[PDB]
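To be precise, the following lines are model.pdb, and they hold PDB, N, CA and C atoms.
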ATOM      1  N   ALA N   1     149.166  81.513 114.213
ATOM      2  CA  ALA N   1     149.275  81.994 112.834
ATOM      3  C   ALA N   1     149.424  83.508 112.842
ATOM      4  N   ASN N   2     149.597  84.167 111.698
ATOM      5  CA  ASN N   2     149.821  85.613 111.737
ATOM      6  C   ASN N   2     148.799  86.399 110.931
ATOM      7  N   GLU N   3     148.754  87.705 111.156
ATOM      8  CA  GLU N   3     147.860  88.607 110.436
ATOM      9  C   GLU N   3     148.186  88.618 108.948
ATOM     10  N   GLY N   4     147.162  88.533 108.110
ATOM     11  CA  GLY N   4     147.370  88.564 106.666
ATOM     12  C   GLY N   4     147.645  87.179 106.123
ATOM     13  N   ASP N   5     147.891  86.249 107.038
ATOM     14  CA  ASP N   5     148.188  84.873 106.640
ATOM     15  C   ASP N   5     146.943  84.203 106.064
ATOM     16  N   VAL N   6     147.131  83.378 105.041
ATOM     17  CA  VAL N   6     146.035  82.676 104.376
ATOM     18  C   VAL N   6     146.180  81.172 104.562
ATOM     19  N   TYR N   7     145.140  80.553 105.116
ATOM     20  CA  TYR N   7     145.150  79.140 105.439
ATOM     21  C   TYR N   7     144.093  78.363 104.654
ATOM     22  N   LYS N   8     144.431  77.115 104.355
ATOM     23  CA  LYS N   8     143.584  76.250 103.552
ATOM     24  C   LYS N   8     143.406  74.859 104.148
ATOM     25  N   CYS N   9     142.212  74.292 103.953
ATOM     26  CA  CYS N   9     141.947  72.908 104.329
ATOM     27  C   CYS N   9     142.151  71.960 103.144
ATOM     28  N   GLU N  10     143.022  70.967 103.324
ATOM     29  CA  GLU N  10     143.365  70.070 102.221
ATOM     30  C   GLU N  10     142.295  68.998 102.055
ATOM     31  N   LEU N  11     141.462  68.903 103.093
ATOM     32  CA  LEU N  11     140.358  67.955 103.044
ATOM     33  C   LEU N  11     139.173  68.550 102.296
ATOM     34  N   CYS N  12     138.803  69.800 102.572
ATOM     35  CA  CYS N  12     137.628  70.384 101.933
ATOM     36  C   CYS N  12     137.935  71.619 101.107
ATOM     37  N   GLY N  13     139.156  72.141 101.112
ATOM     38  CA  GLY N  13     139.490  73.288 100.288
ATOM     39  C   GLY N  13     138.961  74.617 100.779
ATOM     40  N   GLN N  14     138.549  74.670 102.041
ATOM     41  CA  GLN N  14     138.129  75.932 102.660
ATOM     42  C   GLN N  14     139.374  76.796 102.870
ATOM     43  N   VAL N  15     139.260  78.081 102.607
ATOM     44  CA  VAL N  15     140.356  79.031 102.707
ATOM     45  C   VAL N  15     139.975  80.232 103.580
ATOM     46  N   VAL N  16     140.856  80.595 104.517
ATOM     47  CA  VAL N  16     140.612  81.766 105.352
ATOM     48  C   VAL N  16     141.817  82.700 105.416
ATOM     49  N   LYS N  17     141.538  83.975 105.641
ATOM     50  CA  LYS N  17     142.581  84.960 105.892
ATOM     51  C   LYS N  17     142.613  85.353 107.369
ATOM     52  N   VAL N  18     143.803  85.362 107.976
ATOM     53  CA  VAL N  18     143.868  85.768 109.382
ATOM     54  C   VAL N  18     143.712  87.276 109.514
ATOM     55  N   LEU N  19     142.655  87.671 110.211
ATOM     56  CA  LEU N  19     142.317  89.072 110.432
ATOM     57  C   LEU N  19     142.935  89.546 111.747
ATOM     58  N   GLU N  20     142.830  88.707 112.769
ATOM     59  CA  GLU N  20     143.399  88.964 114.086
ATOM     60  C   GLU N  20     144.218  87.739 114.504
ATOM     61  N   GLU N  21     145.492  87.980 114.741
ATOM     62  CA  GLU N  21     146.412  86.924 115.141
ATOM     63  C   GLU N  21     146.236  86.534 116.605
ATOM     64  N   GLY N  22     146.509  85.269 116.871
ATOM     65  CA  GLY N  22     146.380  84.595 118.141
ATOM     66  C   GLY N  22     147.242  83.344 118.128
ATOM     67  N   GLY N  23     147.477  82.732 119.285
ATOM     68  CA  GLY N  23     148.380  81.606 119.336
ATOM     69  C   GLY N  23     147.789  80.253 119.057
ATOM     70  N   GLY N  24     146.481  80.180 118.795
ATOM     71  CA  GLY N  24     145.894  78.879 118.507
ATOM     72  C   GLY N  24     146.215  78.387 117.110
ATOM     73  N   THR N  25     146.164  77.081 116.925
ATOM     74  CA  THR N  25     146.402  76.431 115.645
ATOM     75  C   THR N  25     145.082  76.275 114.898
ATOM     76  N   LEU N  26     145.010  76.785 113.672
ATOM     77  CA  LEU N  26     143.730  76.763 112.971
ATOM     78  C   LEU N  26     143.434  75.359 112.475
ATOM     79  N   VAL N  27     142.212  74.890 112.733
ATOM     80  CA  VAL N  27     141.873  73.509 112.374
ATOM     81  C   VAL N  27     140.567  73.464 111.594
ATOM     82  N   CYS N  28     140.532  72.561 110.623
ATOM     83  CA  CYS N  28     139.353  72.298 109.813
ATOM     84  C   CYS N  28     139.336  70.819 109.420
ATOM     85  N   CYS N  29     138.157  70.205 109.430
ATOM     86  CA  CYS N  29     138.004  68.774 109.177
ATOM     87  C   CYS N  29     138.966  67.962 110.044
ATOM     88  N   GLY N  30     139.172  68.423 111.271
ATOM     89  CA  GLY N  30     139.996  67.731 112.252
ATOM     90  C   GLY N  30     141.431  67.550 111.825
ATOM     91  N   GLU N  31     141.887  68.305 110.838
ATOM     92  CA  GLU N  31     143.290  68.337 110.449
ATOM     93  C   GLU N  31     143.773  69.794 110.483
ATOM     94  N   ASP N  32     145.071  69.963 110.681
ATOM     95  CA  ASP N  32     145.702  71.273 110.661
ATOM     96  C   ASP N  32     145.528  71.954 109.312
ATOM     97  N   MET N  33     145.027  73.184 109.319
ATOM     98  CA  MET N  33     144.938  73.944 108.076
ATOM     99  C   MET N  33     146.355  74.269 107.616
ATOM    100  N   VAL N  34     146.518  74.465 106.314
ATOM    101  CA  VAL N  34     147.881  74.615 105.799
ATOM    102  C   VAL N  34     148.168  76.054 105.415
ATOM    103  N   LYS N  35     149.233  76.645 105.957
ATOM    104  CA  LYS N  35     149.529  78.037 105.608
ATOM    105  C   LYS N  35     149.835  78.163 104.120
ATOM    106  N   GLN N  36     149.268  79.165 103.450
ATOM    107  CA  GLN N  36     149.463  79.246 102.001
ATOM    108  C   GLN N  36     150.800  79.869 101.628
TER
ATOM    109  N   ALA B   1     131.148  76.964 106.228
ATOM    110  CA  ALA B   1     131.005  78.411 106.414
ATOM    111  C   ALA B   1     130.976  79.138 105.074
ATOM    112  N   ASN B   2     130.441  80.353 105.062
ATOM    113  CA  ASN B   2     130.226  81.106 103.837
ATOM    114  C   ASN B   2     131.294  82.153 103.564
ATOM    115  N   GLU B   3     131.444  82.495 102.290
ATOM    116  CA  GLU B   3     132.332  83.563 101.865
ATOM    117  C   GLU B   3     132.019  84.858 102.613
ATOM    118  N   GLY B   4     133.046  85.507 103.153
ATOM    119  CA  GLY B   4     132.845  86.816 103.756
ATOM    120  C   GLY B   4     132.440  86.677 105.211
ATOM    121  N   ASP B   5     132.283  85.423 105.642
ATOM    122  CA  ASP B   5     131.951  85.184 107.047
ATOM    123  C   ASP B   5     133.193  85.394 107.914
ATOM    124  N   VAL B   6     133.000  85.904 109.124
ATOM    125  CA  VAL B   6     134.084  86.143 110.074
ATOM    126  C   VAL B   6     133.912  85.258 111.305
ATOM    127  N   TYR B   7     134.988  84.578 111.691
ATOM    128  CA  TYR B   7     134.995  83.668 112.827
ATOM    129  C   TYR B   7     136.079  84.034 113.851
ATOM    130  N   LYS B   8     135.704  83.910 115.119
ATOM    131  CA  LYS B   8     136.570  84.221 116.240
ATOM    132  C   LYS B   8     136.635  83.093 117.262
ATOM    133  N   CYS B   9     137.825  82.936 117.817
ATOM    134  CA  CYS B   9     138.121  82.049 118.928
ATOM    135  C   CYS B   9     137.964  82.789 120.254
ATOM    136  N   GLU B  10     137.117  82.255 121.132
ATOM    137  CA  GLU B  10     136.864  82.968 122.387
ATOM    138  C   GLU B  10     137.945  82.673 123.407
ATOM    139  N   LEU B  11     138.882  81.794 123.050
ATOM    140  CA  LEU B  11     139.972  81.504 123.976
ATOM    141  C   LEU B  11     141.194  82.369 123.704
ATOM    142  N   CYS B  12     141.593  82.535 122.448
ATOM    143  CA  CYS B  12     142.809  83.273 122.128
ATOM    144  C   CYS B  12     142.557  84.550 121.339
ATOM    145  N   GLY B  13     141.316  84.806 120.936
ATOM    146  CA  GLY B  13     140.972  86.025 120.226
ATOM    147  C   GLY B  13     141.310  86.039 118.755
ATOM    148  N   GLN B  14     141.777  84.922 118.210
ATOM    149  CA  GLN B  14     142.115  84.814 116.797
ATOM    150  C   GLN B  14     140.856  85.010 115.958
ATOM    151  N   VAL B  15     140.987  85.847 114.940
ATOM    152  CA  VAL B  15     139.876  86.229 114.084
ATOM    153  C   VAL B  15     140.234  85.946 112.627
ATOM    154  N   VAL B  16     139.360  85.217 111.942
ATOM    155  CA  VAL B  16     139.586  84.890 110.539
ATOM    156  C   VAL B  16     138.383  85.265 109.678
ATOM    157  N   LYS B  17     138.643  85.466 108.390
ATOM    158  CA  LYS B  17     137.565  85.684 107.426
ATOM    159  C   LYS B  17     137.574  84.578 106.376
ATOM    160  N   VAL B  18     136.405  84.043 106.029
ATOM    161  CA  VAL B  18     136.397  82.957 105.049
ATOM    162  C   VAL B  18     136.567  83.505 103.637
ATOM    163  N   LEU B  19     137.659  83.123 102.973
ATOM    164  CA  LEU B  19     137.875  83.557 101.594
ATOM    165  C   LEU B  19     137.194  82.618 100.603
ATOM    166  N   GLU B  20     137.297  81.320 100.871
ATOM    167  CA  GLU B  20     136.678  80.311 100.021
ATOM    168  C   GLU B  20     135.900  79.326 100.876
ATOM    169  N   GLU B  21     134.640  79.114 100.515
ATOM    170  CA  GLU B  21     133.786  78.281 101.355
ATOM    171  C   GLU B  21     134.003  76.791 101.135
ATOM    172  N   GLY B  22     133.933  76.064 102.236
ATOM    173  CA  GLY B  22     134.052  74.639 102.399
ATOM    174  C   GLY B  22     133.012  74.114 103.378
ATOM    175  N   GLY B  23     132.913  72.800 103.552
ATOM    176  CA  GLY B  23     131.941  72.222 104.461
ATOM    177  C   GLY B  23     132.450  71.987 105.861
ATOM    178  N   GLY B  24     133.755  72.139 106.085
ATOM    179  CA  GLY B  24     134.297  71.834 107.400
ATOM    180  C   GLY B  24     133.970  72.888 108.434
ATOM    181  N   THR B  25     134.053  72.503 109.696
ATOM    182  CA  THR B  25     133.838  73.432 110.806
ATOM    183  C   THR B  25     135.174  74.007 111.245
ATOM    184  N   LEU B  26     135.288  75.324 111.285
ATOM    185  CA  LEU B  26     136.555  75.920 111.696
ATOM    186  C   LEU B  26     136.786  75.747 113.192
ATOM    187  N   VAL B  27     137.989  75.313 113.540
ATOM    188  CA  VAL B  27     138.370  75.067 114.928
ATOM    189  C   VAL B  27     139.648  75.822 115.270
ATOM    190  N   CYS B  28     139.735  76.322 116.497
ATOM    191  CA  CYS B  28     140.932  76.992 117.000
ATOM    192  C   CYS B  28     141.050  76.733 118.500
ATOM    193  N   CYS B  29     142.251  76.485 119.002
ATOM    194  CA  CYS B  29     142.448  76.047 120.373
ATOM    195  C   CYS B  29     141.569  74.826 120.665
ATOM    196  N   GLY B  30     141.366  73.988 119.659
ATOM    197  CA  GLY B  30     140.578  72.773 119.719
ATOM    198  C   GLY B  30     139.108  72.992 120.001
ATOM    199  N   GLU B  31     138.628  74.227 119.872
ATOM    200  CA  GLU B  31     137.222  74.548 120.035
ATOM    201  C   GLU B  31     136.646  75.150 118.755
ATOM    202  N   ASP B  32     135.349  74.950 118.549
ATOM    203  CA  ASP B  32     134.681  75.493 117.362
ATOM    204  C   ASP B  32     134.756  77.020 117.370
ATOM    205  N   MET B  33     135.180  77.634 116.266
ATOM    206  CA  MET B  33     135.175  79.101 116.251
ATOM    207  C   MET B  33     133.734  79.593 116.231
ATOM    208  N   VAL B  34     133.524  80.803 116.717
ATOM    209  CA  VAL B  34     132.195  81.396 116.798
ATOM    210  C   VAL B  34     131.922  82.317 115.620
ATOM    211  N   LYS B  35     130.810  82.090 114.923
ATOM    212  CA  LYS B  35     130.391  82.964 113.838
ATOM    213  C   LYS B  35     130.039  84.364 114.342
ATOM    214  N   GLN B  36     130.813  85.341 113.887
ATOM    215  CA  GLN B  36     130.578  86.719 114.298
ATOM    216  C   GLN B  36     129.382  87.316 113.570
TER
END
In structure tokens, how does this file's structure come out?
Amino acid sequence: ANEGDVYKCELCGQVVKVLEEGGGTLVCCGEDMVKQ
Amino acid sequence: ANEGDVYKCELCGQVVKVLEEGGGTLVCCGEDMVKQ
């Protein structure tokens, strides 16, 4: 994901902002978080 | 996780901040992110 990017969990509605970018895929509730 | 909380992946260094709180556990590189 990228810096400044905002991700959401469609299962629980948790939302995060990417502060430091890295090559891993962000996961929550065992599903891929969705880029906003 | 809580609003304003910061999480990091110890494998790829990806750093996120929680904008909206949910009950799920944040995962990256298939591992639980660490609460900073």
Item to check | B:34, B:28, B:9, B:1 ranked by distance to chain N, top pick (using all atoms listed in the file) | outcome: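 Going through B:34, B:28, B:9, B:1 one by one, the smallest distance to chain N is for B:28.
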Checklist entry - atom C of residue N:15 and atom N of residue B:32 are how many Å apart? => result 16.5 Å
Next on the checklist: Evaluate the ChimeraX specification (/B@CA @<9) & /N@CA against this structure - the residues, as an MDAnalysis selection string, please.
Outcome noted: chainID N and resid 1 6 8:9 11:30
Checklist entry - Taking the backbone alone, and naming residues the way the document does, which bits of chain B are strand (DSSP E or B) by DSSP, as a ChimeraX atom specification? => result /B:6-8,15-20,27-28,31-32,34-35
From the block I gave, I'd like chain B written with C-alpha atoms, as an mmCIF file, in the first residue's frame.
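Dumped to result03.cif:
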data_model
loop_
_atom_site.group_PDB
_atom_site.id
_atom_site.type_symbol
_atom_site.label_atom_id
_atom_site.label_comp_id
_atom_site.auth_asym_id
_atom_site.auth_seq_id
_atom_site.Cartn_x
_atom_site.Cartn_y
_atom_site.Cartn_z
ATOM 1 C CA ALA B 1 -7.687 -1.156 18.095
ATOM 2 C CA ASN B 2 -8.259 2.430 19.247
ATOM 3 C CA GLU B 3 -8.414 5.780 17.482
ATOM 4 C CA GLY B 4 -4.985 7.389 17.209
ATOM 5 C CA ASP B 5 -3.252 4.080 17.792
ATOM 6 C CA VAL B 6 -0.181 3.346 15.633
ATOM 7 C CA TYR B 7 0.664 -0.147 14.362
ATOM 8 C CA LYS B 8 3.805 -1.492 12.700
ATOM 9 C CA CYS B 9 4.784 -4.635 10.825
ATOM 10 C CA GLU B 10 8.115 -6.007 12.012
ATOM 11 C CA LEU B 11 8.636 -7.779 8.709
ATOM 12 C CA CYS B 12 8.201 -4.982 6.144
ATOM 13 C CA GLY B 13 8.193 -1.850 8.324
ATOM 14 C CA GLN B 14 4.716 -0.743 7.221
ATOM 15 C CA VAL B 15 3.265 1.726 9.705
ATOM 16 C CA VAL B 16 -0.409 2.644 10.018
ATOM 17 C CA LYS B 17 -2.539 4.862 12.243
ATOM 18 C CA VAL B 18 -6.076 3.889 13.241
ATOM 19 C CA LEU B 19 -8.524 6.516 11.983
ATOM 20 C CA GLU B 20 -11.703 4.658 12.924
ATOM 21 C CA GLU B 21 -11.840 1.938 15.540
ATOM 22 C CA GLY B 22 -13.077 -1.590 14.872
ATOM 23 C CA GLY B 23 -12.826 -4.960 16.642
ATOM 24 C CA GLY B 24 -10.598 -6.714 14.131
ATOM 25 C CA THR B 25 -6.903 -7.420 14.595
ATOM 26 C CA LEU B 26 -4.687 -5.624 12.099
ATOM 27 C CA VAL B 27 -2.499 -7.980 10.068
ATOM 28 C CA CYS B 28 0.356 -7.336 7.618
ATOM 29 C CA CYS B 29 2.601 -9.879 5.870
ATOM 30 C CA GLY B 30 0.144 -12.359 7.435
ATOM 31 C CA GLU B 31 1.354 -11.455 10.933
ATOM 32 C CA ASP B 32 -0.340 -9.421 13.670
ATOM 33 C CA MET B 33 0.839 -5.803 13.582
ATOM 34 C CA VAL B 34 2.545 -4.569 16.747
ATOM 35 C CA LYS B 35 0.990 -1.787 18.825
ATOM 36 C CA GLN B 36 3.531 1.017 18.988
#
